[PDB]
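A.B. asks: Here it is, the structure, as structure tokens.
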Ligand SMILES: O=C(Nc1ccc2n[nH]c(-c3ccncc3)c2c1)[C@@H]1CCN(CC(=O)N2CCN(c3ccc(-c4ncccn4)cc3)CC2)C1
């Protein structure tokens, strides 16, 4: 019989054996395993998405994007196991490099030194430069999506919500206000939130719902200038902000009194309220805080950026399942 972990069968043998639990979520379950061909330990995740269209979209995006991307700071896909026919296919096993932990877990137990924060931040931005150069928005950057190895190498994961550019605590204010016209800047906001969390071991902008989160945001950043209000397309968003009481900016060094001054200048530029004024990834990399690492010769871009929206939103789940079957065929044998 097949190996089982926490009640889930992982039917990945004979090539992959010695299954051990790592974690789980709505997506399914991830385990470590041993690859008896390549003689290496790997991560394997079991996804079972075919009952719902949304799950199938997230699965197809993950697979398509990660097979197209190739970057040191982005997790790849090494192999995919699924059934030999569409009708038999209920589970999809995605095989990826094994890392040691993720930043969510790390921050639960460890206080990071500036040297660690600086290197992690560098790598996040270096991977994000590639993502953005592919004309893609990640849209769900957060500490659990940052995988780490023993020498502090970092890889971004989870492209299930990514889109071609046309927990809620890491979401940019423009999304919450429904300001319309979202850009790459949404991911920079998320990185700002991750940096603040590396500096303090807790989230900078928690909140019950968007109204609460926005009040916390503006309680720290202070009220948007009229000029920033005038840059909002959505009149409903502008009007909502004009309805709030005036708040002064809280200095960053109040909240993070032991943080590097350069780190706080970059934090301020990332956690800028107006998305048009928010620092872009290439300028972030060039910021003084990251001078120890910055090297444009070693910060590659995507060879062939995505041109067009993937257009998955109104495909039935059964058609998405066929597209998943087709995408996963490159890991099946040829004649
Ligand atoms: O890639 C992911 N995790 C990885 C990967 C490689 C790793 N190597 N080492 C580790 C590691 C981590 C922590 N500690 C030690 C080691 C890895 C973790 C995460 C896990 C899931 N993944 C996204 C993903 O697989 N997709 C996007 C979401 N999607 C999806 C979402 C929901 C549902 C769903 N299904 C049933 C009910 C409800 N929802 C189905 C599919 C499936 C495709 C991002």
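The residues of chain A that appear here are 10-175, 190-358 by Swiss-Prot count, in order.
According to its header, this structure was worked out by X-ray crystallography, 1.5 Å.
The backbone N, Cα and C atoms fix where each Cβ goes, and this holds for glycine too.
OK, Swiss-Prot features for this one:
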- 29: phosphoserine (MOD_RES)
- 31, 32, 33, 34, 35, 36, 37, 38, 39, 54: ATP binding site (BINDING)
- 149: active site, proton acceptor (ACT_SITE)
- 190: phosphothreonine (MOD_RES)
- 246: phosphoserine (MOD_RES)
- 248: phosphoserine (MOD_RES)
- 259-277: DNA-binding region (DNA_BIND)
- 284: phosphoserine (MOD_RES)
- 318-322: motif 'Cytoplasmic retention motif' (MOTIF)
- 327-333: motif 'Nuclear translocation motif' (MOTIF)
A.B. asks: Relative to the Cα of residue 29 (phosphoserine), which of the recorded positions 37, 39, 149 have a Cα no more than 10 Å away?
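C.D. replies: Candidates kept after distance check: 39.
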A.B. asks: Measure between the Cα atoms of every pair in 31, 32, 33, 34, 35, 36, 37, 38, 39, 54, the residues the record assigns to ATP, and report the largest value in Å, rounded to a whole number.
C.D. replies: 14
A.B. asks: Since the record lists 31, 35 as binding-site residues, which of them has the fewest other Cβ atoms within 10 Å of its Cβ?
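C.D. replies: Counting other Cβ atoms within 10 Å of each of the binding-site residues 31, 35, the minimum falls on 35.
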A.B. asks: Using the CB centroid of 31, 32, 33, 34, 35, 36, 37, 38, 39, 54 as the ATP site centre, which other residues of the same chain sit with their CB within 8 A?
C.D. replies: 55
A.B. asks: Please list residues from the chain of residue 33 (ATP binding site) whose Cβ is under 8 angstroms from its Cβ, counting only those at least six apart in sequence.
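C.D. replies: Counting only residues 6 or more apart in sequence, the Cβ neighbours of residue 33 (ATP binding site) under 8 Å are 15, 39.
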A.B. asks: Taking only the recorded positions 29, 35, 39, 190, 248, 284, which have a CB closer than 6 angstroms to any atom that belongs to ligand 1?
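C.D. replies: Going through 29, 35, 39, 190, 248, 284 in sequence order, those close to ligand 1 turn out to be 35, 39.
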A.B. asks: Which whole number of Å separates the Cα atoms at either end of the 14-residue gap, residue 175 and residue 190?
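C.D. replies: Spelled out: 14 residues absent, and the flanking Cα atoms 24 Å apart.
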A.B. asks: On a simple 10 Å Cβ count over all chains shown, which one of the modified residues 246, 284 is most densely packed?
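C.D. replies: Compared across 246, 284, the most Cβ atoms within 10 Å surround 246.
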A.B. asks: Below 8 angstroms Cβ to Cβ, which residues of this chain, lying six or more residues outside the motif 'Nuclear translocation motif' (327-333), approach it?
C.D. replies: 69-70, 73, 77, 142-145, 172-173, 175
A.B. asks: When secondary structure is assigned with DSSP, how many helix, strand and coil residues does the motif 'Nuclear translocation motif' (327-333) contain?
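C.D. replies: For that range the per-state counts are 0 helix, 0 strand, 7 coil.
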A.B. asks: Spatially speaking, which of the binding-site residues 31, 35, 37 is closest to residue 190 (phosphothreonine)? Use C-alpha to C-alpha, please.
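C.D. replies: Spatially nearest to residue 190 (phosphothreonine) by Cα position is 35.
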A.B. asks: Express the distance between the Cα positions of residue 31 (ATP binding site) and residue 149 (active site, proton acceptor) as a whole number of Å.
C.D. replies: 21
A.B. asks: Which of these recorded positions is closest to residue 149 (active site, proton acceptor) if you go by CA atoms: 35, 37, 248, 284?
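C.D. replies: Result for residue 149 (active site, proton acceptor): the nearest of the recorded positions is 35.
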A.B. asks: Within 10 Å of the Cβ of residue 29 (phosphoserine), how many other Cβ atoms are there?
C.D. replies: 11
